[PDB]
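Some notes on the structure that comes next.
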Amino acid sequence: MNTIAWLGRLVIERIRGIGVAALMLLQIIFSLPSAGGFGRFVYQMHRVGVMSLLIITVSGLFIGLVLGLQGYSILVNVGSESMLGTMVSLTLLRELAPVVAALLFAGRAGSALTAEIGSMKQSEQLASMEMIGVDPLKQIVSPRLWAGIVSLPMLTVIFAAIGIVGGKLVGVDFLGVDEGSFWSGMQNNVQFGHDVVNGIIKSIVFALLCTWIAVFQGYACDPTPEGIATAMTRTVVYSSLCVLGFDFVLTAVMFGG
Amino acid sequence: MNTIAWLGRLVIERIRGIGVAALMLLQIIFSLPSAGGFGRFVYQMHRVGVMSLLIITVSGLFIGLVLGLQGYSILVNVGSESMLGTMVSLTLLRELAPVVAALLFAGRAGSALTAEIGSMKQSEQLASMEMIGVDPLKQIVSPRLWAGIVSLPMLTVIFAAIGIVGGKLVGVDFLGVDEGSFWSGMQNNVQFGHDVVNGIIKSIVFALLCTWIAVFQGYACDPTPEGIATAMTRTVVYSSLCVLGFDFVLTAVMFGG
Amino acid sequence: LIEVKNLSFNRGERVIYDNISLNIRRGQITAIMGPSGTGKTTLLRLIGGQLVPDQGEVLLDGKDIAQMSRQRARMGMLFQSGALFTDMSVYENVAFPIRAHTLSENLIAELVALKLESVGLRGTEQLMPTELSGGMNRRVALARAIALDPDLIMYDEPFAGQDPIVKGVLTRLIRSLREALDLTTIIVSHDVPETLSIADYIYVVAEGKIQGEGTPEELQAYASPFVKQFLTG
Amino acid sequence: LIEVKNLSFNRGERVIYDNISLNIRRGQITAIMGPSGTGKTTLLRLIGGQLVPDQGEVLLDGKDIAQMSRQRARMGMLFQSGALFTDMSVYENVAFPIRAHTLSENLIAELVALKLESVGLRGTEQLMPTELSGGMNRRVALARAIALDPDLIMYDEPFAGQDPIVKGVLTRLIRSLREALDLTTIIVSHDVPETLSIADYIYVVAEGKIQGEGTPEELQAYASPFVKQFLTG
Amino acid sequence: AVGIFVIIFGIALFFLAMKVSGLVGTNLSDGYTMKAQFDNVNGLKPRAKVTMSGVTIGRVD
Amino acid sequence: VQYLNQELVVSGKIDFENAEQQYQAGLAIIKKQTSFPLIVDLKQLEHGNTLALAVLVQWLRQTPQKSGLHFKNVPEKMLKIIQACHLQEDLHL
Amino acid sequence: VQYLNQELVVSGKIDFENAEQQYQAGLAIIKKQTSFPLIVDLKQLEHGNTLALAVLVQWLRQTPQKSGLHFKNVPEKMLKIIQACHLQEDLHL
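This is the structure:
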């Protein structure tokens with residue numbers, strides 16, 4: 001597992017100006033830990049949560065149906081000892097699905113968050129409030145950071161979980177795959193209670209990545225619309241390698257590949 | 001193969017990304033879409049081409065290497081019945097890479113496109129030019145629909161091609177496999193050189209789908225900062241899972257699956 | 016010659032104008048006043064021929080110009096931004112929207128150099144809006160409006176994107192230039208002082224209908240309680 | 016009591032202020048205006064303590080406030096928009112920033128609810144600045160301006176870029192609200208009525224240092240080629 | 009750059025933390041190297057497993 | 002005005018002369034029968050006038066005989082107006 | 002002015018930068034170097050005046066017997082002004 005660690009050193013590499021917000025992320029409960037359903041707080045929860053419920057069900061049908069034909073063709077090509085969900089649900093729940101989930105959360109909702117924060121400096125809150133001296137960290141970080149990271153690592157796992165729950169629906173409709181053998185097969189193939197329990201940790205680390213990357217670029221953007229799209233370009237560059245560095249390391253360590 | 005048409009209808013089920021300005025797209029087809037190396041072409045190929053050049057070389061390599069770790073773990077577990085590139089290039093070129101490539105255009109370049117048109121409706125171009133009567137469709141959409149099928153679907157094949165280039169980089173580093181036996185062993189198993197050259201058609205329709213959705217959100221926005229940021233969050237709702245209608249339709253024909 | 020009769024406009028769900036009228040003739044310099052955000056921009060779009068009104072007529076010498084272009088109809092206006100692309104040169108900026116109606120590169124080649132002598136920016140045709148100052152950009156935009164010799168030239172808050180202090184200098188300049196031009200002029204501005212010294216007749220909109228119809232001296236004196244509160248002493 | 020002596024600041028590579036000075040009493044209208052890139056809002060940040068000045072002293076009642084905080088020195092100001100929280104409600108606009116600066120449970124419980132009724136904002140408590148009009152937002156802004164009673168009070172373009180109607184209302188309204196004190200006021204603004212009727216002394220800063228110095232009558236008569244063209248007859 | 013771009017300097021010292029475990033160890037000096045002659049092997053692979061009493065002890069160099 | 006007891010405020014037309022008249026009207030009507038819904042809020046005023054001085058003296062005559070009275074949360078400029086009437090020495094403040 | 006070649010006439014309003022600068026240059030340079038052909042776009046000007054036509058009357062005596070002459074796209078406002086003093090009957094326009 002040394003070559004894996006060699007390739008998995010990308011988690012340190014993509015930290016350009018991000019590291020300035022070190023004590024900025026610390027002091028977000030300094031000036032009174034607020035909580036509740038608020039106007040923007042809930043809209044970020046729609047972007048991360050409510051809308052993503054439909055994304056999860058339909059992208060699960062895109063993945064599921066593609067790997068459902070693969071399952072059939074493995075029977076035809078390789079054989080009966082790795083057929084159907086013996087060697088497909090094995091790779092799908094465990095190592096494959098997690099990457100796409102991170103791209104549709106850390107990528108998609110992370111940049112969306114940034115885009116909204118950028119406009120506080122340009123127009124609605126921070127423009128007037130930093131100048132006065134109304135605590136900047138309490139102003140835009142504290143009530144927007146928490147909104148997009150509480151359900152996020154559960155949702156990252158749910159992405160993959162629904163590929164198994166909906167995988168037996170289309171395992172039956174494409175062929176007739178028994179639901180209980182799919183279920184008991186799944187458990188045994190990945191040793192779920194020790195390996196997939198640790199894949200939950202892998203997805204918490206993915207939530208923790210959103211707390212470093214997204215905040216700084218919204219915090220100090222240039223208040224022009226082109227500077228905002230440059231800031232969203234930067235978050236795609238930052239989040240694309242940080243996730244892959246952990247796809248190397250934690251697949252080998254949390255899952256045990 | 002009953003999953004050929006089932007992937008298609010998922011895209012068809014919900015079409016609200018195109019529908020509202022479909023009549024304007026039909027008018028461009030009516031009036032005859034423009035072509036030529038213009039200033040619009042330069043910035044369209046900046047977002048699609050120039051930006052993606054460094055993304056594909058760097059992140060695109062490590063994406064492939066994470067899918068090659070999956071390849072390696074099969075060698076560790078199964079070995080001899082799925083050796084070298086039996087089960088590695090097989091799903092990589094044909095099934096896995098295509099979706100991630102779409103997230104760099106339907107997702108990233110699409111978001112950028114939205115951002116540009118929305119802001120020119122508020123400032124540089126269409127704010128004044130609609131009122132002047134220099135035909136808006138002919139001005140900024142008509143030549144950039146044509147631009148979408150020039151470089152973009154080749155780049156999806158190049159993205160995938162980098163996975164194969166990365167496969168021989170670490171054939172020795174994960175274990176000690178001679179690059180020439182890995183690649184020629186791979187070549188024979190999937191009939192690589194014939195199918196990968198024939199499969200350049202898969203994502204041409206996807207290029208068109210990316211630009212039919214993304215242009216709408218910029219084009220018919222309310223040009224205020226609240227209306228424009230809402231439309232950018234609406235871009236990834238519709239463009240993310242409506243670009244995969246023709247996966248197995250042309251994988252079976254061009255990639256020879 | 017633009018004839019306006021009983022013009023009524025509903026902007027989507029918001030009713031803007033209840034049948035209005037005017038007497039703006041060929042070469043007449045007038046102004047139209049009202050609060051910002053009451054469809055003053057969309058009024059100018061109706062006069063040009065971009066938007067479609069519900070009731071009433073807007074005719075060009077008793078003709079409906081739905082199938083004709085604005086360049087062939089001899090209409091135009093000066094904008095808040097100036098209608099200049101930022102990735103193209105000044106030459107290209109003012110050549111972009113005059114391609115329709117007498118397409119000729121040699122005509123444009125002579126036009127751009129000559130028409131900028133009136134503002135004193137003859138050698139700026141290779142520069143871009145970023146390189147130029149704000150005042151220079153407005154001076155090029157003025158010359159753009161008179162490119163194809165249009166009859167109609169409307170003014171929609173020319174100096175909206177400039178600072179109040181900067182506008183003070185440019186308003187003094189443009190005052191004499193509008194009188195020298197002497198074409199069909201419709202001034203829309205949030206500054207009242209600007210319109211008092213230039214316009215002959217002023218059309219004051221009072222709650223979605225033109226009520227004040229007269230000269231600066233006749234409307235010094237106030238038409239209605241609304242107008243009394245519109246311009247304070 | 017605000018006293019500034021020989022304040023100079025270079026913002027990166029761009030020189031903004033070359034030793035300037037002023038004397039402004041508590042609760043009076045402040046404003047710096049001019050072309051973009053001359054520090055309209057930079058003075059506000061230097062006195063507030065967001066940017067670090069190079070040379071000079073800023074005193075609050077003859078006390079150095081360079082190392083003191085906003086809460087410790089009791090500083091604040093009113094912004095052009097209104098200095099309100101856009102996401103929050105009108106109740107929450109004045110309930111959020113009263114926790115900082117003299118934290119007290121009886122302060123929050125009693126004053127916040129009652130001061131809104133004393134202005135006339137009882138039926139707008141649950142509404143947000145986006146929903147309200149500019150005039151309604153100004154009423155909340157005026158209530159917020161003296162909510163904390165800062166020792167150091169500044170303003171920023173009270174009614175420079177307002178609607179035709181609203182500007183007329185705020186010219187008399189805000190003047191009469193500041194007339195209660197009527198102390199040494201220094202305004203640099205485009206609006207002539209504003210600098211004539213309210214301000215006592217004028218210190219125009221342009222191209223680095225103070226170029227215009229005196230009363231409206233003393234500065235009728237001009238200071239520079241720019242001013243000669245800027246002001247009208 | 010003690011500001012904004014200092015962080016690039018600081019993370020350079022943690023970027024190579026998987027340099028020690030990037031290939032081997034090292035640990036070749038605590039192992040054994042031995043050689044032998046073979047006349048005909050069906051299926052010799054680089055890094056083929058070598059055992060002792062059913063336990064892998066190393067690989068073919 | 003709800004029964005906390007909150008300050009008597011004008012529900013209609015808001016003005017300085019209207020609020021000071023309402024204070025004298027509530028003194029004759031409500032405070033005469035032993036009740037003082039009054040937390041004197043001076044935060045929105047910049048400087049007092051003859052009417053603000055007048056009611057401070059009238060309040061001193063009225064309420065103290067029966068109970069206490071809230072003078073909480075005042076700014077520095079209107080605190081000097083309270084000190085001008087000399088309420089600090091012998092009245093809640 | 003480029004190397005087309007063209008005459009130097011005032012195209013628009015006579016002002017500080019073209020009243021004597023372009024007038025003297027037409028007599029000294031354009032007449033001497035023989036750039037008699039003139040393509041000029043006059044759409045930016047509403048109507049001309051006596052002094053702008055007086056320059057063309059000086060060219061009236063010179064151009065006919067020396068070179069050719071071809072105008073392009075003259076707007077209909079300037080056709081009325083130039084023709085009125087009989088320059089459209091003898092010169093190309």
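Residue numbers (the deposited numbering), protein chains in the order written: chain H, 1 to 257; chain G, 1 to 257; chain I, 16 to 248; chain J, 16 to 248; chain A, 9 to 69; chain K, 2 to 94; chain L, 2 to 94. Where is the CB? At the ideal position from N, CA and C, for every residue including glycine.
Name the residues in the stretch 44–56 of chain K whose C-beta lies less than 7 Å from a C-beta of chain J; which are they? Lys44, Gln45, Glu47, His48
For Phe24 (chain I), which three-state DSSP category applies? Taking the first residue of the third sequence as 1, we reach residue 24 (chain I) at position 9. Of the three classes helix, strand and coil, the one that applies to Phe24 (chain I) here is strand, per DSSP.
Verify the CB distance criterion: does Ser51 (chain J) have a CB-CB separation below 8 Å to chain I? Against the fourth sequence, residue 51 (chain J) aligns to sequence position 36. Using beta-carbon distances, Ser51 (chain J) counts as an interface residue toward chain I, with a partner under 8 Å.
Per-residue DSSP class, three states only, for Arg40 (chain J): Stepping through the fourth sequence from its first residue, residue 40 (chain J) is reached at position 25. Correct three-state label for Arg40 (chain J): coil.
Give the straight-line distance between the Cα atoms of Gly171 (chain G) and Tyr72 (chain G), rounded to the nearest whole angstrom. Reading the second sequence from its first residue, position 171 is the one you call residue 171 (chain G). Reading the second sequence from its first residue, position 72 is the one you call residue 72 (chain G). Near 9 Å, if we compare the C-alpha coordinates of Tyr72 (chain G) and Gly171 (chain G).
Got a sec: which bits of the stretch 122–156 of chain G sit with their beta carbon under 8 Å from any beta carbon on chain I, in order along the chain? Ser123, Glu124, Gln125, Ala127, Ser128, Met129, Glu130, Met131, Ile132, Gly133, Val134
At a Cβ threshold of 8 Å, is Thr101 (chain I) touching chain G? On the third sequence, residue 101 (chain I) is found 86 positions in, with the first residue counted as 1. Interface residue (Cβ-Cβ distance to chain G less than 8 Å): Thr101 (chain I) is classified as such.
Please decide whether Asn198 (chain H) counts as near chain A, where near means a Cβ-Cβ distance under 8 Å. Position 198 of the first sequence holds residue 198 (chain H). Judged by the 8 Å Cβ criterion, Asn198 (chain H) is not in contact with chain A.
Smallest Cα separation from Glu226 (chain G): which of J:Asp102, J:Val127, J:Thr57? To locate residue 226 (chain G), count along the second sequence from 1; it is residue 226. It is J:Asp102 whose Cα lies nearest to the Cα of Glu226 (chain G).
For the stretch 154–161 of chain J against the stretch 133–140 of chain J, do three or more pairs of beta-carbon atoms, one drawn from each stretch, fall closer than 8 Å, so that the two count as touching? yes
According to DSSP, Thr200 (chain I) sits in a beta bridge with which residue or residues? The sequence position of residue 200 (chain I) within the third sequence is 185, counting from 1. According to DSSP, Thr200 (chain I) bridges with I:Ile44, I:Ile168.
Along the stretch 174–189 of chain G, where does the CB come closer than 9 Å to a CB of chain A? Name the residues. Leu175, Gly176, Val177, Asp178
For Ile225 (chain J), the residue or residues it bridges with in DSSP: The residue given as residue 225 (chain J) occupies position 210 in the fourth sequence. Answer by DSSP bridge pairing, in chain order: J:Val220.
Using beta carbons (cut-off 8 Å, strictly below), is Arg16 (chain H) in contact with chain G? Residue 16 (chain H) sits at position 16 when you count from the first residue of the first sequence. Cβ-Cβ to chain G under 8 Å: no for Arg16 (chain H).
Reduced DSSP secondary structure (H/G/I, E/B, other) of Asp247 (chain H): As a position in the first sequence, residue 247 (chain H) is number 247, starting the count at 1. Of the three classes helix, strand and coil, the one that applies to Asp247 (chain H) here is helix, per DSSP.
Helix, strand or coil for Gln44 (chain H), going by three-state DSSP, please let me know. As a first step, residue 44 (chain H) must be located in the first sequence, where it is residue number 44. Looking at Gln44 (chain H) - three-state DSSP - the assignment turns out to be helix.
For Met1 (chain G), is the classification buried or exposed, using 16 other Cβ atoms within 10 angstroms of its Cβ as the cut-off for buried? If you number the second sequence from 1, residue 1 (chain G) lands on position 1. Classification of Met1 (chain G): exposed, given that the 10 Å Cβ count is below 16.
So, does the CB of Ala229 (chain G) fall closer than 8 Å to a CB anywhere in chain H? In the second sequence, residue 229 (chain G) corresponds to position 229, counting from 1. So, interface residue.
According to DSSP, residues forming a beta bridge with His71 (chain K): For the purposes of this step, residue 71 (chain K) is taken as residue 70 along the sixth sequence, with counting starting at 1. Answer is K:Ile40, bridged to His71 (chain K).
If you draw a straight line from the C-alpha of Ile201 (chain I) to the C-alpha of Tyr170 (chain I), how long is it? By one-based count along the third sequence, residue 201 (chain I) stands at place 186. By one-based count along the third sequence, residue 170 (chain I) stands at place 155. Between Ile201 (chain I) and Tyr170 (chain I), the C-alpha separation is close to 6 Å.
Examine chain H for any beta-carbon lying closer than 8 Å to the beta-carbon of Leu31 (chain A), and answer yes or no. As a first step, residue 31 (chain A) must be located in the fifth sequence, where it is residue number 23. By this cut-off, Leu31 (chain A) is an interface position.
Taking the alpha helix (DSSP H) that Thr86 (chain G) falls in, what are its first and last residues? Here residue 86 (chain G) refers to the residue found at position 86 when the second sequence is read from its first residue. Note, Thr86 (chain G): premise wrong, no alpha helix (DSSP H); not H, not E.
For a contact meaning CB atoms closer than 8 Å, what does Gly39 (chain G) contact in chain I? If you number the second sequence from 1, residue 39 (chain G) lands on position 39. Chain I residues near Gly39 (chain G): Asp102, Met103.
DSSP three-state call for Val76 (chain H): helix, strand or coil? In the first sequence, residue 76 (chain H) corresponds to position 76, counting from 1. Here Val76 (chain H) sits in helix by DSSP.
Can you check DSSP and say which residues form a bridge with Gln70 (chain I)? Along the third sequence, read from residue 1 onward, the residue named residue 70 (chain I) stands at position 55. Its beta-bridge partners are I:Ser23.
Would you tell me roughly how many angstroms separate the C-alpha atoms of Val49 (chain A) and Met83 (chain G), rounded to the nearest one? In the fifth sequence, residue 49 (chain A) corresponds to position 41, counting from 1. In the second sequence, residue 83 (chain G) corresponds to position 83, counting from 1. Roughly 20 Å between the two C-alpha positions.
For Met92 (chain J), the residue or residues it bridges with in DSSP: Taking the first residue of the fourth sequence as position 1, residue 92 (chain J) is located at position 77. J:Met169, per the DSSP bridge assignment.
Run through chain G and tell me which residues come within less than 7 Å of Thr91 (chain H), C-beta to C-beta. As a first step, residue 91 (chain H) is located in the first sequence; it is residue number 91 there, counting from the start. The answer, in chain order, is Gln70.
Could you tell me which of H:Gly36, H:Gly118, H:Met51 sits nearest to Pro223 (chain H), measuring between CA atoms? Here residue 223 (chain H) is taken as the residue at index 223 of the first sequence, counted from 1. Per the Cα distances, H:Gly118.
Against chain G, with Cβ distances strictly below 8 Å, would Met232 (chain H) count as a contact? For the purposes of this step, residue 232 (chain H) is identified with residue 232 of the first sequence, where counting begins at 1. Chain G, which has a Cβ nearer than 8 Å to the Cβ of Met232 (chain H), makes this yes.
Check whether the Cβ atoms of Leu163 (chain J) and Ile123 (chain J) sit closer than 8 Å, and answer yes or no. For the purposes of this step, residue 163 (chain J) is taken as residue 148 along the fourth sequence, with counting starting at 1. For the purposes of this step, residue 123 (chain J) is taken as residue 108 along the fourth sequence, with counting starting at 1. No. Outside cutoff.
For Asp178 (chain H), which of helix, strand or coil comes out of DSSP? Counting from one through the first sequence, the residue named residue 178 (chain H) turns up at place 178. Coil at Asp178 (chain H), not helix or strand.
Tell whether a beta-carbon distance below 8 Å holds between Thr199 (chain J) and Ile39 (chain J). Position 184 of the fourth sequence, counted from the start, is the residue given in the question as residue 199 (chain J). Position 24 of the fourth sequence, counted from the start, is the residue given in the question as residue 39 (chain J). Yes. Within cutoff.
Is the CB-CB distance between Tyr237 (chain I) and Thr45 (chain I) below 8 Å? The count along the third sequence starts at 1 and reaches residue 237 (chain I) at position 222. The count along the third sequence starts at 1 and reaches residue 45 (chain I) at position 30. Going by C-beta atoms, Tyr237 (chain I) is not nearer than 8 Å to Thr45 (chain I).
Can you give me the C-alpha to C-alpha distance between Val253 (chain G) and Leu244 (chain G), rounded to a whole angstrom? Position 253 of the second sequence, counting from 1, holds the residue named residue 253 (chain G). Position 244 of the second sequence, counting from 1, holds the residue named residue 244 (chain G). If I take the Cα positions, the gap works out to 16 Å.
Give the secondary structure of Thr211 (chain H) by DSSP, where H, G and I count as helix, E and B as strand, and everything else as coil. Here residue 211 (chain H) refers to the residue found at position 211 when the first sequence is read from its first residue. Three-state DSSP puts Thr211 (chain H) in a helix.
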